[PDB]
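Quick setup: the structure tokens below cover two forms of a single protein chain, split into structure 1 and structure 2.
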Structure 1
């Protein structure tokens, strides 16, 4: 019977009443509001794959003391501009952030760090902050759904996956729009299609032992 699974999944997708979704989001609207950089969890970590750690550390020490040795990476020019501006007290307008690479070498964004020093600038700079740096969004908003997504759901969303689960929602893609359905609708339509399902925490499922599905950490 496992030979029938692609057709059963097709039946499952066709059972949903797309006019009756909890809500829906055009992919173009998500892209308009959120750079991928401000969604993916790795942006919140020190950018160790982009810079030598020595450069990240020199930059932290420069920011503490507003003096000392200058990082060397030609990739460090904009971080240095940011750091030296905070040191000299010279303004960075929202336009500076809009044309910036957004992510600070120590993880997180320039905008959030800037607004920590100039809290009157916070609302103007929110568009340049990672979703995990923004305040807890109102329930039912797109930011709320994004802030509550695990890494696996963010990656599926960013990759444009045809469906993925997050929290208490099923996201189903149809065209270039995602439609959200709640868990009980997901389960009812899976029932009716003769399907069972698991939400994976790991990227993928290569080998099953007992009820554990194993993956390599590094692909």
Structure 2
């Protein structure tokens, strides 16, 4: 009776793709932005991935440039990085490009290297998290990316047929995303007889229960 799928099909067909001013090729986003530089969880400490005391040994070495070396093989690459910063040795862009990008403490090797050597910041930008790069100018892809929340990023990474970021609608046609503003979204939604909302926040989910702190 409600015919939601036909209504969504009508809604997507009402947009003027060719005349959108802003559009992005998905395959280019993929090539320019490795996924781990987009997802917000990369910015947090990576405790689920390494043994705690090996991380403890690595942090102490980072902070004092002396201490017992961690033995674990998971630590080899972060240890290479930590020794280089202690010893003042250079790391080529090729090193960052063949690394896992993400430092155990959260954020990127490239970003931490360039906090020590700002002369290399521009050169190392393609290996930094989008949340580590400078605030981008209005209208640019980096701008939209930096101001997407976690749900919008995930939809983007997943190639979703549409998603909402900020007040913008992103609509996938073929392998391109076309952007439309809030007012166009509403008018076409109304013409298809539809209402919409962005997915509600759920901080920790267990079954169908959304948990939060009382305060």
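Rigid core: the largest C-alpha set superposing within 1.5 Å between the two forms. Residue numbers count along the first chain shown, from 1.
* **Residue showing a 2 Å-or-more C-alpha displacement between the two structures once the rigid core is overlaid, selected from 150, 52, 194, 160** => Comparing both forms, the shifted residue turns out to be 52.
* To do: For residue 14, state whether the C-alpha moves by 2 Å or more between the two structures after rigid core superposition.
  => Comparing forms between the two structures, the residue 14 CA shifts below 2 Å.
* residue 67 CA shift between the two structures in angstrom, with the core used for superposition -> On core superposition, this C-alpha lies 1.3 Å from its counterpart.
* Asked: If the rigid core is lined up, how many Å does the C-alpha atom of residue 210 shift between the two structures?
  -> A shift of 19.0 Å.
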